[PDB]
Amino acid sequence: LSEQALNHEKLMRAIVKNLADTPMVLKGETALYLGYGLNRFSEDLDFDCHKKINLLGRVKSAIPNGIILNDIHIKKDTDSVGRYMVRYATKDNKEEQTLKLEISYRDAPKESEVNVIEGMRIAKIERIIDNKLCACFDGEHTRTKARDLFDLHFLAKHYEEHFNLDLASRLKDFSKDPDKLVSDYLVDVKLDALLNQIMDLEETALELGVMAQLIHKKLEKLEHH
């Protein structure tokens, strides 16, 4: 964890802690990082929220000591989506940084589906798995991002109990051809600063395929406790 990263994290945590008394629910990669022990750094803030709030006002108030807020650019503010570029600097370094902040106002989790971890409102693992699989495999607009392989492996390894039959079946299907995964993701892994040092693509792909196969097989037994 470099100084740039540590400060970035300082900024993210301050924003999410501030939003704890609103309906904002943290999701995605940084939910995993801040909430569930993800073993890579994450940089974006992604939220679901059932209604509009004074987002700008909250971000401004939330800037903690040691951070300089240069600007907030409103990329998109509609009924269904909020998309912002928060530009900032630091007491340790003057070079401008960016934080992407994105909110979805559709299909917000109901209050009974919201976890609180160290004072932060965060989505359940199940929803995060579902969203990742939509994002990398079977959603409306899939993408090829190595982060998704890294994160699904993490989830399959450390949170297998949160997989149900549907989630496991899709995971198994996503990861059935490990050589294709390695082929599909290789360039992205090399170009990703967050992954290129820490990730063995060949091993990750292989282990995911094996873990998914086993998780799904277990759930197919329809066992009870």
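The first residue of the shown sequence is 1; numbering continues from there.
Higher mean CA temperature factor, per the PDB entry, when comparing 88-96 with 115-123: 88-96. Once the C-alpha B-factors are averaged per stretch, 103-111 and 127-135 rank with 103-111 first. Listed residues 198, 168, 31, 67 were ranked by CA B-factor as deposited; 198 comes out on top. Sort the chain's modelled residues by C-alpha temperature factor and residue 140 lands in the highest third, per the entry. In this PDB entry, the Cα temperature factor of residue 42 sits in the bottom third of its chain's modelled residues, the lowest group. Residue 151: CA B factor in the lowest third of modelled residues in this chain (values from the PDB entry). When the modelled residues of the chain are ordered by C-alpha B-factor, residue 185 sits in the highest third.
Placement of the Cα temperature factor of residue 160 within the chain: middle third of the modelled residues, per the deposited record.
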